[PDB]
RNA sequence: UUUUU
RNA sequence: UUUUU
RNA sequence: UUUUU
RNA sequence: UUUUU
RNA sequence: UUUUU
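Protein chains in written order, with the entry's author numbering: chain AY, 162 to 214; chain AP, 108 to 267; chain AQ, 55 to 267; chain AR, 55 to 107; chain AZ, 162 to 214; chain BA, 44 to 54.
Take a look at the structure:
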């Protein structure tokens, strides 16, 4: 239920500082712009990018 | 809202309307920047962002001419495609919708920029699927009577 | 032919005449003003340098990044020439706080670095290191031969060509890998099993069907 | 076009004219002066050779 | 808790002499510049290089 | 041009 | 998460 | 579907 | 940047 | 867009 | 048709 709110929270934190969530640091995602999608409980909606899928 | 569309059109003149667009897009309010989120724009564009932005085609085309009245204004996309002409900067943007009432040299320039831009993109259809579990469940019951976790009771061992 | 939505015009013609975004401030290659602002405040916060004394350090950093490259794998210390001696500022905050990348931060310094190469070529033959690595035989295009040049519409087409040739020679088909090993190292489950003095082996409770025949 | 931060100019124009780093001393291919200094003292320390020699 | 302080301590020791921590000598890291990150209890923050990750 | 410390404060 | 001497 | 600490 | 014995 | 040390 | 950041 908290999926899109957490998704927008990552973007709000990346407005200020480089904020990649820990789970993306463990999964070793080298992108950084996909840190908006790199958390444990993301609920894949039809309105998400295919690169984020 | 139309102001915001005027800003969005220009931003999409400069950068590209690819569906991999992420982050924030910038509009110049006076001297400062405003940073609108790109998420709803590529999120709600139903065919793609190209076919949505192709409504803005001739207006962007005339906007390049209006900006070239004052200063040398070549859009970024033409700077990336390295179009040496400069007068075809009116046609050198990402989402130009080729009408029958365009020059044949502009047709040629746009098709050369498109073919230089794609570079034989192998459009892959699938990526890993979410059904990660390839091994079936271990439905087996564990027992205090059992010998090993993976072995109930040696049964034909003859100790000879 | 102007776009419609529910019979209503999607665009404002009146704002369209009065819109002059000067082609650089709305680019993607140049980081946004808030991100460069946060970078400039964060590198000052990590250096303990007053606001008067900080532009000097930026003048030094720009030159260093003219000579060497603004790759994100930059580590170590960067050198500024104070008189005759060297000072060694740490590179960590600079690549640490650059939010898009270091390239889009340093692209604010583009035309100032461009004019700095010309000012140095007034006195002595000054080709930046990056042009020496890319082996540009021209020398007059050393004004454009640095790592973070932001190609504006008001640049020569021969300078466009030189910069794109140096970029394409520099990348050499870099396969941008997305993942590297992940931190969940434990692939084997826990041995939750209880050990007992009654047990026969550590890995075996009690032979049960052995018939000794 | 000079970079701004909070409406304030990021750069010092006055120091920019008087900066002559002679293109070699700020290179990465050449080690820093402190590191070559430590090397030259450490190889002398391990050879037992006077500073004249 | 001592993670970034130890990280900067490795850099402070590499200012003077070649100081690679023992743990990197056991793990046989051939780099040497990543000795700043080659200790046992490093806490991977979002503001670290992807090569250090 | 200020000299710099390694484990300087405000961290 | 723990497991790196 | 569950399994991502 | 490193890799040239 | 990223990848140029 | 999609693929041009």
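Even for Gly, the Cβ is constructed at its ideal location relative to N, Cα and C.
Check: Completely contained beta strand (DSSP E) runs for the region 139–199 of chain AP, where each covers 3 or more residues; Outcome: 139–144
Check: Rounded distance between the beta-carbons of residue 188/AQ and residue 189/AP, thought under 8 Å; Outcome: Actually they do not touch by this definition, with Cβ atoms about 17 Å apart.
Check: Residue 249/AQ versus residue 251/AP: straight-line alpha-carbon distance, rounded; Outcome: 12 Å
Check: Chain AZ contact residues for residue 50/BA, given Cβ-Cβ distances below 8 Å; Outcome: 166, 169, 170, 173
Check: Interface partners of residue 210/AY on chain AP, CB under 8 Å; Outcome: 126, 127, 129, 149
Check: Assumed close pair residue 80/AQ, residue 117/AP - CB separation to whole angstroms, cut-off 8 Å; Outcome: 7 Å
Check: DSSP bridge partner residues for residue 58/AQ (one or two, in chain order); Outcome: 63/AQ
Check: For residue 157/AP and residue 65/AQ, the rounded distance between their alpha carbons; Outcome: 18 Å
Check: Proximity test, Cβ basis, 7 Å: residue 250/AP and chain AQ; Outcome: no
Check: Reduced DSSP secondary structure (H/G/I, E/B, other) of residue 205/AP; Outcome: coil
Check: Nearest-angstrom Cα separation, counted from residue 120/AP out to residue 60/AR; Outcome: 28 Å
Check: Rounded C-alpha distance that separates residue 129/AQ from residue 146/AQ; Outcome: 7 Å
Check: C-alpha gap between residue 240/AQ and residue 257/AP, whole angstroms; Outcome: 20 Å
Check: Between the CA atoms of residue 178/AZ and residue 216/AY - distance to the nearest angstrom; Outcome: What the structure shows of chain AY is the stretch from 162 to 214, and residue 216/AY is not part of that stretch, so it cannot be assessed.
Check: Residue 180/AY: contacting residues in chain AZ (beta-carbon distance under 7 Å); Outcome: 207
Check: Status (buried if at least 16 other CB within 10 Å, exposed otherwise) for residue 168/AZ; Outcome: buried
Check: Close beta carbons around residue 131/AQ, own chain, < 7 Å, minus the five adjacent residues each side; Outcome: 142, 143, 144, 145
Check: Residue 122/AP versus residue 175/AP - alpha carbon distance; Outcome: 18 Å
Check: Within chain AQ, partners of residue 73/AR - CB distance below 7 Å; Outcome: 113, 117
Check: Bridge partners - residue 267/AQ, DSSP secondary structure assignment; Outcome: DSSP output for residue 267/AQ lists no bridge partner at all.
Check: Listed by chain order, chain AQ residues near residue 91/AR by CB distance under 8 Å; Outcome: Going along chain AQ, no residue has its Cβ under 8 Å from residue 91/AR, so there is no contact; the nearest lies around 10 Å.
Check: Amino acids of chain AQ, ordered along the chain, whose beta-carbon sits closer than 8 Å to that of residue 162/AP; Outcome: 57, 64
Check: Close Cβ partners of residue 160/AQ (< 7 Å) along its chain, the five nearest in sequence each way excluded; Outcome: 119, 124, 202
Check: Strand pairing of residue 135/AQ, partner residues [DSSP]; Outcome: 140/AQ
Check: Distance between beta carbons of residue 211/AQ and residue 191/AP, contact taken as under 8 Å; Outcome: 5 Å
Check: Range covered by the alpha helix (DSSP H) that runs through residue 88/AQ; Outcome: 87–99
Check: Nearest neighbour of residue 204/AQ, chosen from 85/AQ, 70/AQ, 75/AQ [CA to CA]; Outcome: 85/AQ
Check: Beta-carbon proximity check, residue 181/AZ vs residue 196/AZ, cutoff 7 Å; Outcome: yes
Check: Cutoff 8 Å; reference residue 232/AQ; Cβ partners in own chain excluding five residues on either side; Outcome: none
Check: Proximity to residue 151/AQ [Cα-Cα], best of 82/AQ, 113/AQ, 101/AQ; Outcome: 101/AQ
Check: Expected contact under 8 Å - CB spacing of residue 254/AP and residue 261/AP to nearest Å; Outcome: 6 Å
Check: Any chain AQ beta carbon closer than 7 Å to residue 135/AP; Outcome: yes
Check: Span of the alpha helix (DSSP H) around residue 222/AP; Outcome: 211–225
Check: Local Cβ density within 10 Å of residue 93/AR, reported as buried at 16 or more and exposed below that; Outcome: exposed
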